[PDB]
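What follows is a short report on a single structure.
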Amino acid sequence: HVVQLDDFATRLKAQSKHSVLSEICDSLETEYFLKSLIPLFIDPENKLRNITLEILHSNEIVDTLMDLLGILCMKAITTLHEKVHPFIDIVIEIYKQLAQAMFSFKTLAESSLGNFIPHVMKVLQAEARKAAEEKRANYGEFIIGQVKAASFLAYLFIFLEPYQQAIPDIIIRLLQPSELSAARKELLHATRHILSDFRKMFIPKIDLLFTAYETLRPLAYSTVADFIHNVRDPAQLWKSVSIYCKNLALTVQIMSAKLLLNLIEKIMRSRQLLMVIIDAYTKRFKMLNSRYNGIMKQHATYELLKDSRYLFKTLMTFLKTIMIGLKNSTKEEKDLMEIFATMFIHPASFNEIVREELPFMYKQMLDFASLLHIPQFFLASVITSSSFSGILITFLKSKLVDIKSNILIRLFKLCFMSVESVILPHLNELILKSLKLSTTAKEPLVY
Amino acid sequence: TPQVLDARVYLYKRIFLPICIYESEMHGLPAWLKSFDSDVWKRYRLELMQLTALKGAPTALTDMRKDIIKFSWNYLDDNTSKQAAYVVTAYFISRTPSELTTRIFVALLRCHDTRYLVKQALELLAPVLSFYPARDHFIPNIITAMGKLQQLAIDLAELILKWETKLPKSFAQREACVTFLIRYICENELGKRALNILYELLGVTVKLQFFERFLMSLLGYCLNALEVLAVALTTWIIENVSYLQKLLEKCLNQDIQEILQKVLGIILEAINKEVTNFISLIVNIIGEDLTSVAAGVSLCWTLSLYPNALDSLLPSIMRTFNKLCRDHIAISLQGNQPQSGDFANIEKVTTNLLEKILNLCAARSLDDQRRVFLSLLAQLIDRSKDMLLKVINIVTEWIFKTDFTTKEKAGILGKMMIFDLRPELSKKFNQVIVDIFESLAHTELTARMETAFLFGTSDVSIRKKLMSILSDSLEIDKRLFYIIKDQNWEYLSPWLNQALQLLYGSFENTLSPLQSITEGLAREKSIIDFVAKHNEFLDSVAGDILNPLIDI
């Protein structure tokens with residue numbers, strides 16, 4: 001009754017706290033190990049608590065006190081009544097040149113800075129640089145605690161060769177904590193590199209730290225840091241664009257960051273860039289569109305399509321429109337015809353068909369009147385199936401935005417081969433006769 | 001190509017891939033040598049569709065050739081892809097055994113940095129759940145204990161060792177106590193799936209394991225203890241530890257709702273099959289810690305964990321939820337401390353005095369709170385001294401509903417709820433005629449409140465019927481169907497309004513009810529002869545409308 005409010009209010013409203021609270025509460029309140037030991041840690045202690053509690057006795061429960069609170073080595077004796085006494089004496093005997101000299105000499109001759117620097121650094125120069133620069137579990141724990149505390153305190157309270165060159169040896173040697181290394185390395189490398197060799201120093205972290213945060217944070221971190229640092233100031237563009245574009249919910253961020261950073265960095269600086277960018281974008285868009293269209297069509301027809309259809313249509317339309325508009329200033333016909341026909345044949349029909357169909361005439365423009373026109377009419381007319389928006393939108397937009405190959409091949413093949421299946425003759429004859437007769441052009445030789 | 005141009009690699013790879021893909025996919029032991037040599041010396045539709053789209057010769061030849069070729073040729077992606085695809089397709093599609101079990105168990109158990117341990121441990125340990133009981137059941141202790149010595153090794157070794165070692169029992173004290181205590185005393189999918197599957201599928205050890213594991217224990221203890229203790233549901237420790245741990249750990253984002261709802265529902269349902277601590281702590285913590293999970297779980301648990309329980313307990317949840325949401329999402333009033341004064345009731349003048357004094361003294365997005373609070377308070381307080389409640393409720397409802405965009409909701413909600421729970425013509429006719437003629441809740445609320453209030457009871461009938469029928473018919477299915485069905489059904493059991501409004505307003509599928517019901521009821525139930533004969537004969541001139549006129 002009064003022991004909870006009196007002991008909790010009197011003990012919580014104000015060593016001396018453990019002996020006064022445990023002695024007054026235990027001596028005045030006369031199952032008590034969790035309630036009496038949880039209050040001492042939830043809000044010269046091991047010597048007085050272990051000597052008074054062990055000498056004034058109530059055995060194994062005393063070990064629970066080790067989970068609560070130079071003088072802590074005696075607490076190791078509580079684990080008795082080189083492996084059950086050396087951790088408290090070696091870890092508490094050296095509990096700022098004392099931290100780097102005692103931690104480096106004691107750890108090298110055979111966690112306090114990370115857990116103690118947050119209280120003094122968050123509850124309110126030589127210790128961060130000396131402790132972080134002067135640093136098998138001792139290397140990973142001291143390097144991770146000193147690098148995380150120095151990087152978090154120095155980066156949050158407002159050089160990279162030691163942490164970048166030393167993180168791969170301890171992480172690779174100890175892995176045979178990704179948020180602190182990825183956030184501290186990405187924020188320190190992006191802020192230090194952008195506030196003023198990126199492939200060699202950044203390829204070890206992404207190539208050795210792999211596993212979704214390390215592989216997903218490298219696209220936005222390496223693309224934003226490499227694009228902002230490299231663009232804000234020939235091997236960096238080919239190595240970063242080839243490794244970043246060839247090494248790839250991470251599909252939207254990796255495809256958008258790699259396509260936007262590679263297209264903006266490669267177009268913001270010449271047939272090698274347009275041919276390599278058109279071949280890589282056409283091969284990646286054709287492979288991703290063919291794999292997503294085949295997997296979505298087989299999985300949806302063999303019986304999360306909004307994310308794959310919206311991400312594939314938005315990424316393909318944005319990448320094709322950005323690459324065509326930014327680069328227009330035998331793999332192209334098969335990749336563009338197979339990606340456009342396979343990705344477009346599966347209010348979104350007008351924007352998706354117009355934006356996905358305008359890249360052929362807009363990206364082609366000059367020439368491309370035989371291979372680019374024979375594959376669209378042959379591939380689009382040889383499949384049929386159930387489609388009407390792509391034929392009218394692609395035929396009306398492509399034939400009206402410029403046309404003789406579609407009307408001649410469609411009219412000659414449909415009229416000569418025609419002798420659900422009868423709906424292509426009326427729509428093809430009405431669309432071809434209305435578009436060709438209403439286009440107001442010469443040509444003739446068809447009536 | 002790594003030292004550097006795209007036409008040579010793209011044209012050589014694309015032009016050279018057709019010979020190996022067409023030759024390897026059209027020439028058929030060749031899939032393992034061609035796929036392993038071609039894929040390892042440097043295609044998914046043909047191998048996946050041909051290998052997955054296809055009785056002892058196929059299983060023995062495919063298992064012996066794939067196991068002998070993979071085990072004999074594997075001594076990085078080819079082993080994990082071929083072993084995972086062949087083991088997943090064969091194990092998932094298979095739902096002669098001596099050669100495959102003895103060869104696969106002896107070769108996989110005798111043939112034994114993250115790719116080798118994860119692919120070898122996951123691929124070699126994933127097929128154990130699909131003479132052999134001794135080596136298969138005894139190889140997991142030496143293989144898991146010798147290969148387990150970073151979350152993939154402990155999760156795959158603990159889940160494969162606990163599932164494989166515990167699945168054969170359907171010496172167990174050391175493996176069950178060490179695996180359950182070591183695996184449960186320590187990333188949420190591995191601990192929750194391994195602890196929930198091992199603790200829920202594994203069953204003197206219940207008292208030491210449950211008391212030591214449940215008493216020796218912040219998200220892992222509450223999630224593992226609540227999920228493991230609630231998935232397979234001595235009652236004082238589980239009820240007090242589950243209610244105190246769930247209320248104290250959840251009272252300080254699906255973990256709090258799932259752990260609190262699962263621990264509260266499993267602890268209350270399992271312990272309700274000492275009541276002051278569980279009822280006061282569960283009612284105070286559940287009623288004070290607070291969209292369908294809270295209303296459904298709080299209303300079903302609070303209304304079912306107690307005929308007067310639902311009506312007498314609906315005012316605390318309705319007044320606490322409406323007063324807490326309205327007083328916490330807008331404030332700027334004086335009704336924020338109503339939970340401590342209104343929730344202190346879970347222990348005919350007590351219900352009327354406590355409900356009328358608490359609701360009238362504590363009641364001093366508005367359509368849901370005003371209609372739900374007025375309808376729930378009036379129906380619950382009136383469905384259970386009559387001069388004070390009737391005069392106070394009629395004077396407060398009539399003065400508050402008549403003394404007020406807010407006029408349609410307040411007048412329609414207060415007049416419809418107060419008049420149906422037992423100056424509107426100018427505002428309803430002007431607002432409905434101006435809003436309906438100057439161009440969804442105004443049509444349903446005005447049509448339902450005006451039709452129900454006007455039809456559920458001499459110038460008011462002619463003015464309201466002529467103005468409502470002329471203004472509503474001179475300009476949509478709810479007004480014609482409700483007015484025609486309510487006027488014809490209520491009047492067929494005055495002839496100028498129904499005959500002139502129905503005959504002058506009915507001139508397509510809803511017109512058969514008025515002519516069929518009026519002609520059938522008026523012609524079969526026998527100034528009415530001129531309106532009935534003129535309206536029926538003039539409006540009936542298609543087999544139902546002409547068969548009754550010519551046959552009757």
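Residues in the structure tokens are named by chain (A, B, ... in the order shown) and by number from 1 within that chain; ligands are numbered from 1 in the order shown.
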
With a cut-off of 9 Å, could you pull out the residues of chain B touching chain A and give me the nearest pair of atoms for each, distance in Å to one decimal, using only C-alpha atoms, ordered by chain and ascending number, as CSV?
```
residue,atom,partner,partner_atom,distance
B:4,CA,A:238,CA,8.3
B:5,CA,A:276,CA,8.3
B:6,CA,A:276,CA,6.3
B:7,CA,A:279,CA,8.4
B:10,CA,A:279,CA,8.3
B:11,CA,A:331,CA,8.2
B:14,CA,A:331,CA,8.9
B:113,CA,A:176,CA,6.1
B:114,CA,A:176,CA,7.3
B:150,CA,A:175,CA,7.5
```

In stretch 334-514 of chain B, DSSP alpha helix (DSSP H) residues written as an mmCIF file with C-alpha atoms, in the first residue's frame:
```cif
data_model
loop_
_atom_site.group_PDB
_atom_site.id
_atom_site.type_symbol
_atom_site.label_atom_id
_atom_site.label_comp_id
_atom_site.auth_asym_id
_atom_site.auth_seq_id
_atom_site.Cartn_x
_atom_site.Cartn_y
_atom_site.Cartn_z
ATOM 1 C CA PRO B 338 -14.193 13.676 -18.720
ATOM 2 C CA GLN B 339 -12.402 10.305 -18.771
ATOM 3 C CA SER B 340 -11.568 10.281 -15.051
ATOM 4 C CA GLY B 341 -15.029 11.510 -14.051
ATOM 5 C CA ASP B 342 -16.991 9.503 -16.615
ATOM 6 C CA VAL B 349 -33.088 6.281 -10.881
ATOM 7 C CA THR B 350 -29.358 5.483 -11.008
ATOM 8 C CA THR B 351 -29.288 5.077 -14.798
ATOM 9 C CA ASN B 352 -31.401 8.164 -15.523
ATOM 10 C CA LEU B 353 -29.737 10.312 -12.852
ATOM 11 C CA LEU B 354 -26.182 9.171 -13.613
ATOM 12 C CA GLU B 355 -26.661 9.168 -17.392
ATOM 13 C CA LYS B 356 -28.595 12.450 -17.454
ATOM 14 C CA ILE B 357 -26.319 14.168 -14.927
ATOM 15 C CA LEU B 358 -23.108 12.844 -16.491
ATOM 16 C CA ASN B 359 -24.219 13.448 -20.084
ATOM 17 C CA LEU B 360 -25.862 16.814 -19.382
ATOM 18 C CA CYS B 361 -23.057 17.951 -17.056
ATOM 19 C CA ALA B 362 -20.234 16.598 -19.251
ATOM 20 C CA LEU B 366 -19.586 17.410 -35.863
ATOM 21 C CA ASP B 367 -22.337 15.408 -37.588
ATOM 22 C CA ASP B 368 -20.883 12.045 -36.541
ATOM 23 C CA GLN B 369 -20.215 13.096 -32.941
ATOM 24 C CA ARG B 370 -23.486 15.018 -32.595
ATOM 25 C CA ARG B 371 -25.616 12.376 -34.326
ATOM 26 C CA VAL B 372 -23.830 9.449 -32.666
ATOM 27 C CA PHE B 373 -23.810 11.134 -29.250
ATOM 28 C CA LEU B 374 -27.417 12.338 -29.493
ATOM 29 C CA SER B 375 -28.742 9.083 -30.969
ATOM 30 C CA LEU B 376 -26.699 6.846 -28.655
ATOM 31 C CA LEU B 377 -27.391 8.966 -25.563
ATOM 32 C CA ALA B 378 -31.095 9.413 -26.347
ATOM 33 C CA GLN B 379 -31.666 5.794 -27.397
ATOM 34 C CA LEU B 380 -29.535 4.297 -24.613
ATOM 35 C CA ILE B 381 -30.842 6.682 -21.938
ATOM 36 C CA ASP B 382 -34.473 6.440 -23.117
ATOM 37 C CA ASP B 386 -40.169 10.754 -16.336
ATOM 38 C CA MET B 387 -41.082 14.451 -16.137
ATOM 39 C CA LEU B 388 -37.480 15.566 -15.593
ATOM 40 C CA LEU B 389 -36.041 13.313 -18.309
ATOM 41 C CA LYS B 390 -38.868 13.982 -20.779
ATOM 42 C CA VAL B 391 -39.048 17.729 -20.114
ATOM 43 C CA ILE B 392 -35.262 18.106 -19.971
ATOM 44 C CA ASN B 393 -34.719 15.938 -23.056
ATOM 45 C CA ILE B 394 -37.549 17.533 -25.049
ATOM 46 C CA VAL B 395 -36.666 21.078 -23.967
ATOM 47 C CA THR B 396 -32.926 20.556 -24.453
ATOM 48 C CA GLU B 397 -33.352 18.715 -27.760
ATOM 49 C CA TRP B 398 -35.977 21.126 -29.111
ATOM 50 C CA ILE B 399 -34.199 24.268 -27.891
ATOM 51 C CA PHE B 400 -30.733 23.044 -28.898
ATOM 52 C CA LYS B 401 -31.916 21.637 -32.243
ATOM 53 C CA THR B 402 -34.202 24.596 -33.050
ATOM 54 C CA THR B 406 -24.700 23.492 -39.621
ATOM 55 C CA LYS B 407 -28.453 24.172 -39.740
ATOM 56 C CA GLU B 408 -29.178 21.217 -42.035
ATOM 57 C CA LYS B 409 -27.023 18.740 -40.101
ATOM 58 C CA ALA B 410 -28.034 20.036 -36.663
ATOM 59 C CA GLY B 411 -31.719 20.413 -37.516
ATOM 60 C CA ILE B 412 -31.951 17.191 -39.518
ATOM 61 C CA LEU B 413 -29.876 15.183 -37.033
ATOM 62 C CA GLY B 414 -31.548 16.623 -33.940
ATOM 63 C CA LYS B 415 -35.063 16.593 -35.387
ATOM 64 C CA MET B 416 -34.682 13.172 -37.025
ATOM 65 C CA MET B 417 -32.897 11.567 -34.063
ATOM 66 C CA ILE B 418 -35.082 13.210 -31.412
ATOM 67 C CA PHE B 419 -38.301 12.676 -33.393
ATOM 68 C CA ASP B 420 -37.411 9.113 -34.463
ATOM 69 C CA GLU B 424 -38.244 23.588 -40.648
ATOM 70 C CA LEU B 425 -40.435 24.114 -43.729
ATOM 71 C CA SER B 426 -38.771 27.396 -44.732
ATOM 72 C CA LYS B 427 -35.207 26.166 -44.173
ATOM 73 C CA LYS B 428 -35.832 22.715 -45.666
ATOM 74 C CA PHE B 429 -37.889 23.955 -48.622
ATOM 75 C CA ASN B 430 -35.691 26.994 -49.287
ATOM 76 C CA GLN B 431 -32.416 25.120 -48.760
ATOM 77 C CA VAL B 432 -33.550 22.023 -50.669
ATOM 78 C CA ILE B 433 -35.153 24.030 -53.484
ATOM 79 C CA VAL B 434 -32.277 26.514 -53.745
ATOM 80 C CA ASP B 435 -29.555 23.878 -53.362
ATOM 81 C CA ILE B 436 -31.304 21.366 -55.637
ATOM 82 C CA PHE B 437 -32.368 23.988 -58.210
ATOM 83 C CA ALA B 441 -25.918 14.168 -47.756
ATOM 84 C CA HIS B 442 -28.468 16.951 -48.310
ATOM 85 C CA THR B 443 -30.673 14.823 -50.578
ATOM 86 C CA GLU B 444 -30.600 11.736 -48.345
ATOM 87 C CA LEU B 445 -30.860 13.676 -45.075
ATOM 88 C CA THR B 446 -33.495 16.123 -46.337
ATOM 89 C CA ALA B 447 -35.454 13.460 -48.229
ATOM 90 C CA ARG B 448 -35.232 10.878 -45.436
ATOM 91 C CA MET B 449 -35.892 13.359 -42.619
ATOM 92 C CA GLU B 450 -38.614 15.233 -44.513
ATOM 93 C CA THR B 451 -40.258 12.068 -45.852
ATOM 94 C CA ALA B 452 -39.988 10.130 -42.581
ATOM 95 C CA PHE B 453 -40.918 13.079 -40.353
ATOM 96 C CA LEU B 454 -43.671 14.330 -42.680
ATOM 97 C CA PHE B 455 -45.030 10.848 -43.479
ATOM 98 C CA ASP B 459 -52.262 23.651 -44.395
ATOM 99 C CA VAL B 460 -49.070 21.740 -43.547
ATOM 100 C CA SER B 461 -50.111 18.704 -45.603
ATOM 101 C CA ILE B 462 -51.234 20.697 -48.652
ATOM 102 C CA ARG B 463 -48.360 23.186 -48.432
ATOM 103 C CA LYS B 464 -45.680 20.581 -47.701
ATOM 104 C CA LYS B 465 -47.102 18.037 -50.153
ATOM 105 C CA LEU B 466 -47.742 20.582 -52.915
ATOM 106 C CA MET B 467 -44.469 22.464 -52.396
ATOM 107 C CA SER B 468 -42.394 19.304 -51.917
ATOM 108 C CA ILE B 469 -44.090 17.400 -54.749
ATOM 109 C CA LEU B 470 -44.068 20.371 -57.135
ATOM 110 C CA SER B 471 -40.540 21.516 -56.270
ATOM 111 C CA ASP B 472 -39.163 17.962 -56.107
ATOM 112 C CA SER B 473 -41.038 16.746 -59.210
ATOM 113 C CA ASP B 477 -34.653 8.159 -57.236
ATOM 114 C CA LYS B 478 -34.906 8.454 -53.439
ATOM 115 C CA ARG B 479 -37.399 11.338 -53.548
ATOM 116 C CA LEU B 480 -39.636 9.784 -56.214
ATOM 117 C CA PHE B 481 -39.397 6.242 -54.828
ATOM 118 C CA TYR B 482 -39.738 7.271 -51.175
ATOM 119 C CA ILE B 483 -42.438 9.871 -51.861
ATOM 120 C CA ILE B 484 -44.369 7.615 -54.247
ATOM 121 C CA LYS B 485 -44.031 4.509 -52.067
ATOM 122 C CA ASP B 486 -44.703 6.370 -48.813
ATOM 123 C CA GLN B 487 -47.546 8.455 -50.254
ATOM 124 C CA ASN B 488 -49.135 5.573 -52.170
ATOM 125 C CA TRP B 489 -48.617 2.995 -49.415
ATOM 126 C CA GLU B 490 -49.570 5.419 -46.633
ATOM 127 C CA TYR B 491 -52.508 6.936 -48.554
ATOM 128 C CA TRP B 495 -56.722 12.565 -53.596
ATOM 129 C CA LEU B 496 -55.752 15.792 -55.391
ATOM 130 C CA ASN B 497 -52.158 15.757 -54.115
ATOM 131 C CA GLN B 498 -51.506 12.071 -54.833
ATOM 132 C CA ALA B 499 -53.482 12.000 -58.092
ATOM 133 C CA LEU B 500 -52.209 15.355 -59.374
ATOM 134 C CA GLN B 501 -48.632 14.846 -58.158
ATOM 135 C CA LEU B 502 -48.432 11.194 -59.232
ATOM 136 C CA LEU B 503 -50.282 11.635 -62.533
ATOM 137 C CA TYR B 504 -48.591 14.960 -63.340
ATOM 138 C CA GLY B 505 -45.150 13.873 -62.112
ATOM 139 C CA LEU B 511 -43.447 4.245 -62.858
ATOM 140 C CA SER B 512 -44.743 0.649 -62.801
ATOM 141 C CA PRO B 513 -44.941 0.622 -58.981
ATOM 142 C CA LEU B 514 -47.340 3.562 -58.775
#
```

Name all residues at most 9 Å from residue A:346 (count only C-alpha atoms; drop same-chain ones fewer than 2 positions away) and give them as a list in words.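 Selected residues are residues 293, 297, 341, 342, 343, 344 and 387 of chain A.
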
Non-local contacts of residue A:40 (8 Å; only C-alpha atoms; under 4 positions in same chain excluded) as a PDB file with N, CA, C and O atoms, in the first residue's frame:
```pdb
ATOM      1  N   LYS A  17      22.657   5.732  -2.883  1.00  0.00           N
ATOM      2  CA  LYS A  17      21.299   5.472  -3.344  1.00  0.00           C
ATOM      3  C   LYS A  17      20.959   3.990  -3.259  1.00  0.00           C
ATOM      4  O   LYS A  17      19.819   3.623  -2.952  1.00  0.00           O
ATOM      5  N   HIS A  18      21.936   3.120  -3.529  1.00  0.00           N
ATOM      6  CA  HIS A  18      21.689   1.684  -3.465  1.00  0.00           C
ATOM      7  C   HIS A  18      21.615   1.191  -2.025  1.00  0.00           C
ATOM      8  O   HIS A  18      20.783   0.336  -1.700  1.00  0.00           O
ATOM      9  N   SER A  36      13.830  -4.286  -6.491  1.00  0.00           N
ATOM     10  CA  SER A  36      14.858  -3.519  -5.799  1.00  0.00           C
ATOM     11  C   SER A  36      16.081  -3.255  -6.669  1.00  0.00           C
ATOM     12  O   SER A  36      16.819  -2.302  -6.402  1.00  0.00           O
ATOM     13  N   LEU A  68      22.607  -4.511 -12.810  1.00  0.00           N
ATOM     14  CA  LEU A  68      22.158  -3.178 -12.424  1.00  0.00           C
ATOM     15  C   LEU A  68      23.314  -2.188 -12.457  1.00  0.00           C
ATOM     16  O   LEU A  68      23.506  -1.480 -13.451  1.00  0.00           O
ATOM     17  N   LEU A  69      24.089  -2.131 -11.378  1.00  0.00           N
ATOM     18  CA  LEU A  69      25.224  -1.220 -11.297  1.00  0.00           C
ATOM     19  C   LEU A  69      26.422  -1.771 -12.063  1.00  0.00           C
ATOM     20  O   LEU A  69      26.669  -1.388 -13.206  1.00  0.00           O
TER      21      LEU A  69
END
```

What is the atom CA of residue A:56 to atom CA of residue A:95 distance in Å?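 So the two atoms, atom CA of residue A:56 and atom CA of residue A:95, lie 28.1 Å apart.
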
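Nearest residue to residue A:437, choosing from A:323, A:353, A:407, A:424 and counting only C-alpha atoms: A:407.
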
Considering only C-alpha atoms, can you say which of A:86, A:140, A:325, A:425 comes closest to residue A:174?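 Smallest distance to residue A:174 is found for A:140.
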
Neighbouring residues of stretch 247-250 of chain A were defined as those with any atom within 9 Å, considering only C-alpha atoms; residues of the same chain fewer than 6 positions away were excluded. Please report them as a PyMOL selection string. chain A and resi 212+215-216+219+258

Output of the above residues as an mmCIF file, in the first residue's frame, restricted to N, CA, C and O atoms:
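Result went into part-v4.cif, see below:
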```cif
data_model
loop_
_atom_site.group_PDB
_atom_site.id
_atom_site.type_symbol
_atom_site.label_atom_id
_atom_site.label_comp_id
_atom_site.auth_asym_id
_atom_site.auth_seq_id
_atom_site.Cartn_x
_atom_site.Cartn_y
_atom_site.Cartn_z
ATOM 1 N N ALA A 212 20.331 -5.457 -47.774
ATOM 2 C CA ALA A 212 19.530 -4.527 -48.558
ATOM 3 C C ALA A 212 19.878 -3.072 -48.286
ATOM 4 O O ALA A 212 19.734 -2.231 -49.181
ATOM 5 N N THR A 215 23.398 -2.452 -50.124
ATOM 6 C CA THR A 215 23.246 -2.474 -51.573
ATOM 7 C C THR A 215 22.266 -1.424 -52.077
ATOM 8 O O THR A 215 22.347 -1.033 -53.247
ATOM 9 N N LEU A 216 21.348 -0.962 -51.230
ATOM 10 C CA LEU A 216 20.378 0.049 -51.633
ATOM 11 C C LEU A 216 20.836 1.465 -51.317
ATOM 12 O O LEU A 216 20.444 2.405 -52.020
ATOM 13 N N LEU A 219 23.400 3.229 -54.091
ATOM 14 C CA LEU A 219 22.931 3.866 -55.317
ATOM 15 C C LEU A 219 22.649 5.347 -55.095
ATOM 16 O O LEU A 219 23.103 6.196 -55.871
ATOM 17 N N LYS A 258 20.331 5.995 -60.834
ATOM 18 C CA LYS A 258 21.364 5.648 -61.804
ATOM 19 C C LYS A 258 21.050 6.232 -63.177
ATOM 20 O O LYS A 258 21.960 6.659 -63.898
#
```

Just the residues within 8 Å of residue A:46, please, counting only C-alpha atoms, with nothing from its chain fewer than 4 positions along; format it as an MDAnalysis selection string. chainID A and resid 50:51 69 71:75

Skip residue A:28 itself and residues of its chain fewer than 6 positions away, then list as an mmCIF file with C-alpha atoms, in the first residue's frame all residues within 12 Å of it, counting only C-alpha atoms.
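Writing done, so here's selection10.cif:
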```
data_model
loop_
_atom_site.group_PDB
_atom_site.id
_atom_site.type_symbol
_atom_site.label_atom_id
_atom_site.label_comp_id
_atom_site.auth_asym_id
_atom_site.auth_seq_id
_atom_site.Cartn_x
_atom_site.Cartn_y
_atom_site.Cartn_z
ATOM 1 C CA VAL A 2 2.267 2.775 1.296
ATOM 2 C CA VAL A 3 5.473 0.942 0.339
ATOM 3 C CA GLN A 4 4.936 1.540 -3.391
ATOM 4 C CA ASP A 6 6.561 5.895 -0.251
ATOM 5 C CA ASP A 7 9.419 3.783 -1.626
ATOM 6 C CA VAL A 20 19.907 3.893 1.380
ATOM 7 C CA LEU A 21 17.157 2.758 -1.002
ATOM 8 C CA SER A 22 17.868 -0.968 -0.663
#
```
